[PDB]
Every structure is written in structure tokens, then in C-alpha cells.
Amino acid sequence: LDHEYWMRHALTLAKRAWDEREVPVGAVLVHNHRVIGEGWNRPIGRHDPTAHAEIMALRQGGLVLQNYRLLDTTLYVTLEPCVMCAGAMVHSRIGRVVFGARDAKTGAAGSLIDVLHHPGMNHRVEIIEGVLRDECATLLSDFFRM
């Protein structure tokens, strides 16, 4: 579905997070080839431990759809989702998550844990990884070097 076109927008949002001095992750939630939520990482600034990119984008999606269930959506994100965000995607009943770089240490879509296909969740999210992978990694690498 030209996943790079949507990931590019996510990288755009990640660079907002970068300008805010937050770990640079961006996310966009797409429904019928239209954006219905955007998010970027801002826990430090918002004083909000839950203010990850995915959480912000899933919340917008709910407002836009007037529904807490976000059926058949695709969530794009520049980094593999953490446990908190992976659980949110499961509650949201999204169709699919597409991510850029793996989070080898604490990623929760097959890196540390695979919450999205854990055998007791009432909903399965499909996974596609590595979209604009090197672009997503370099943002995060330059961040940590900084």
C-alpha cells in the first residue's frame, strides 16, 4: 500500500519529537487510505509517562471515528511498539501495525516479548517490520549519540 509513503509521514512526526528533545518516535493511524490520527513521543514535556507516539495517534483515531474500537486501521510507527503501546493496539482492535526499526531490548512485537500474537489476547494485530528501517534507526541513533 506504499508503506514508505505513510512511514515518511511518521518520520516527519518523529522529527517533531526530536525538535522537542524527546526520543524521536512518530506514528500515524490510517483508515481507508486517510490519516485519522497522528502522534509523536512527548513524555518528558507533557509530564505523562503514557505519552508515546502510538498512544497519541490511537487517541486521535478514537475521536475521529467516534469509537474506541478502530477496526481495520493500520498504525505506522518509526520504532517497534513497547508493551504499553502493543496492549493499546490490542484493545483498539486495529488491523495492522507497520514499524521502522526494532527495539531489540524492550520492543514488544517479537523482540522482547510478542504481545500482539500472545495466545490469550482476544484480537490479533498483523505485523510488518523494517519499513524505511535505516531512516528510522539513524534518527534514534543520532538521538542517543547527542
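Start at 1 and count along the sequence shown; that's the residue number.
108 to 116 and 43 to 51 differ in mean CA B-factor, and the higher of the two is recorded for 108 to 116.
The deposited model assigns a higher average Cα B-factor to 96 to 104 than to the other stretch when 96 to 104 and 76 to 84 are compared. In the PDB entry, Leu29 places in the lowest third of its chain by CA B-factor. When the CA B factors of the chain's modelled residues are split into thirds, the value for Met121 lands in the highest one.
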